[PDB]
């Protein structure tokens, strides 16, 4: 297969976990859906300013903060809609902005600050203004074993990496406005030292944990 350079399925999850542990990002690739999608993925707790800038530069710029229901409930974040008519049930909450520490909310530093506040150990609802320029997604309980989404993969990988169970993701896009396909995702992975792992890889891997 196209991913051999990153290792076997096991080795791929293992190396993704290791990248995260060492403050790098990973490319999570969907192999299994009608539209394949490669996402830039970081552990929220670990993410750096330069990584947020990289993410905005090369992704959709709709940078999502993937969170547990527990976390979502702690922040009193209701779902953006009560009736979700999105094609793949994409789990957006109401959007958020740090109540302190930001200006407009849009800069890489700003988005980071709101992510940091959201995931902070004793984070309170009042810590967040709504709406804003950071887009929380509610992970399905059970992670990739319940829903093979990049949202769930980012949370499962953060946790596998021994971080707080919170991901940051953004879809890799090309400068012409097309979304990256598997070859372009691999090219990007190789050039930015962010290994590729498929949601299948991860799913398989946890089924046996």
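Numbering follows the first chain given and starts at 1.
**Student:** Going by the average Cα B-factor in the PDB entry, point out whether 29 to 37 or 62 to 70 comes out higher.
**Tutor:** On average, C-alpha B-factors are higher across 29 to 37.
**Student:** Output the stretch having the higher mean C-alpha B factor in the entry; the candidates are 83 to 91 and 104 to 112.
**Tutor:** According to the PDB entry, the answer is 83 to 91.
**Student:** Quick one: which of 10, 186, 20, 197 shows the highest Cα temperature factor in the PDB entry?
**Tutor:** Among 10, 186, 20, 197, the PDB entry lists the largest C-alpha B-factor for 10.
**Student:** Looking at 125, 132, 139, 136, which one carries the largest C-alpha B-factor according to the PDB entry?
**Tutor:** Out of 125, 132, 139, 136, the record gives the largest C-alpha B-factor to 125.
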